[PDB]
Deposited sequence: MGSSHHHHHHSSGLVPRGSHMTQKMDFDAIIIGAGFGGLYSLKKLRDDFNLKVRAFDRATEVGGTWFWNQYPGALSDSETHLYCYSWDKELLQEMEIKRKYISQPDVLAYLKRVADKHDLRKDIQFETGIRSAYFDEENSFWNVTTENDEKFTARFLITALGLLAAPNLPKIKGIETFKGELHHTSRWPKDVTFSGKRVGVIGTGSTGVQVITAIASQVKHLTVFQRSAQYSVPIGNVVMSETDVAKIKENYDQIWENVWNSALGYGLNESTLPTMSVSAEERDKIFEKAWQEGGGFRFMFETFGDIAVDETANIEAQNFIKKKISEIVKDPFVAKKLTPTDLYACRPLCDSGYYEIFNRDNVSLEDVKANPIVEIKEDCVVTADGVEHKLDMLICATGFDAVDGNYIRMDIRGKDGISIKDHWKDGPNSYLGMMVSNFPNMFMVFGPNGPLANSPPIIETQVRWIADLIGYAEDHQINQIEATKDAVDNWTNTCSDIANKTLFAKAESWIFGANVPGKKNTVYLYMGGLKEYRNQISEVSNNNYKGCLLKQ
């Protein structure tokens, strides 16, 4: 028996454990398949792995001593450092004693008679708890790509999601499949280290510089001395990325001024910065979206000296969502040991013992093939497990037509279960979202313990009304199963209205 069981020991699960155990004095256990804390920052050890938000914001804000104590080494934070930070959090707040590592949860069945969750590990261990905190998503299990004969490759075959240790690159011909955010990081990191790099791009995307530089002692002090305000700005923003979020229309200024504004964001770096600090309507106005793209296309044509290679790199879609971020990606393609294959025009048809073969019949001889096809679904990690709520219905079935929730945290027919960083949540920097949700969920659970209620469930009406809110907002924009896209501040307003009005939309049963 526990008051709560938590699944996941990443950002989400760790803070859930801290809040529920230490601030609400609940008896709680957390579980993870991993051998240590860190979540996706434990699993993803691929070359070039790097946060998308700046170091000083990609962290917890609730421990002020930790803010002052923590190293701010570079403007953005590498995977090994995020892992060390989360391990430090675990150290300081004595969290590991309440985490069971190497423990996959196979199933969670809700008991309506006793108003609690039956949780079964993959080693057939059974636990009971009133509440189930799911801090799971969304890192997809290493699915090898569906390519004929992939199993016959005798060289190294690595998936970015399970990057083994001790990989060396020198003297080797290497191929990478995928040019999403993960592929860009790996490609940029390894190109100078391999004998030859072949990039298999199915779909080109725009990338802007991340502009990751070392932070001076003076840079760090500016942040640490003003940390309270820096966080107040996060809570009062849409993205929580530390940006001066623009309301200026792209076409309201001259062509010369517009170039100047894009150029300033380009020099500073950051994907959301280029899209949201420059102007206020890039994700909304077609003309404005095209202007932004043309700025990046022009950069591609300038950096990549071979116009034919520049062309292949240039996305062909009419409108573009957020760009990726890089630390020298387009530069790579000027190298004599790098080949770009457009495998939309010239697809992979087979993989043989020593090569990737494209539809033109060319045998791309490889010593190593890397799958950076980090391809998933937002509710993938919920669907993967056997979760059953009311009348025994599975989450797989309830979401067969797609993930729907109330406030991104509650699923109708699944009482006493609360999602952290689940589907239909806000579009923003993750750790502020996760803090926002963990604190809301805990206050609700605390409310329940204080009013002697043992069953909390979102009504179908609240769920569909959340679906509606998301839809009305989302369809204002060009892009694009909806996130809530009103921003962090408004998401915080939405959930506050719920908690401030007796948790309307929630069935509270004594």
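**OP:** Enumerate the deposited-sequence segments absent from the coordinates, judged by C-alpha atoms, in order of position.
**Re:** Since the structure holds only modelled residues, the stretches it omits are 1 to 25, 506 to 522.
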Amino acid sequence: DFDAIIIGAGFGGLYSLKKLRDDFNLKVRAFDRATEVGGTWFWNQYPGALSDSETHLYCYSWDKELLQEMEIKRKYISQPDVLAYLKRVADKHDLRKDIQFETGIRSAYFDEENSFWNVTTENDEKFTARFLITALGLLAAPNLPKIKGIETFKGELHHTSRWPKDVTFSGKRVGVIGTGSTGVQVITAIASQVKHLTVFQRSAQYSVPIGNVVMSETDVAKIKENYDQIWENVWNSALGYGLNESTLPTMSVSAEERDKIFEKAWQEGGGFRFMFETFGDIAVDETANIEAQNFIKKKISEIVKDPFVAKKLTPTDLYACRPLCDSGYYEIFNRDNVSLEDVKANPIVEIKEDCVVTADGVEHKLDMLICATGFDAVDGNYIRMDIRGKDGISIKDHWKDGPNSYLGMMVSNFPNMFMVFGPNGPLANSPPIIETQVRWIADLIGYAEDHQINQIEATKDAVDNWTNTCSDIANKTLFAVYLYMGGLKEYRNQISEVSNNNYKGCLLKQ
From here on, numbers count along this sequence of modelled residues.
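Subject >> 398 to 406 set against 176 to 184, stretch whose average Cα temperature factor tops the other in the entry >> reply: That would be 398 to 406.
Original post:
Hey, which bit's got the bigger mean C-alpha B factor in the entry, 145 to 153 or 337 to 345?
Top reply: Higher of the two, by average CA B-factor, is 145 to 153.
Original post:
Per the PDB entry, which option out of 140, 366, 99, 223 has the greatest Cα B factor?
Top reply: So the option with the highest C-alpha B-factor is 140.
**OP:** Compare the CA B factors listed in the entry for 81, 331, 112, 435 and report the winner.
**Re:** Across 81, 331, 112, 435, the entry lists the biggest C-alpha B-factor for 112.
**OP:** Could you say whether, by C-alpha temperature factor, residue 36 belongs to the lowest, middle or highest third of its chain?
**Re:** Middle third of the chain for residue 36's C-alpha B-factor.
Subject >> Modelled-residue ranking by C-alpha temperature factor, third containing residue 466 >> reply: Highest third of the chain for residue 466's C-alpha B-factor.
Original post:
Ranked by Cα temperature factor within the chain, is residue 475 in the lowest third, the middle third or the highest third?
Top reply: For residue 475, whose C-alpha B-factor we compare with every modelled residue in the chain, the answer is the highest third.
**OP:** Would you please rank residue 495 by its C-alpha temperature factor against the other modelled residues of its chain and give the third it falls in: lowest, middle or highest?
**Re:** Answer is middle: the recorded C-alpha B-factor places it there.
Original post:
For residue 296, does the deposited CA B-factor place it in the lowest, middle or highest third of the chain?
Top reply: Its C-alpha B-factor, which the entry lists for residue 296, ranks in the lowest third among residues of this chain.
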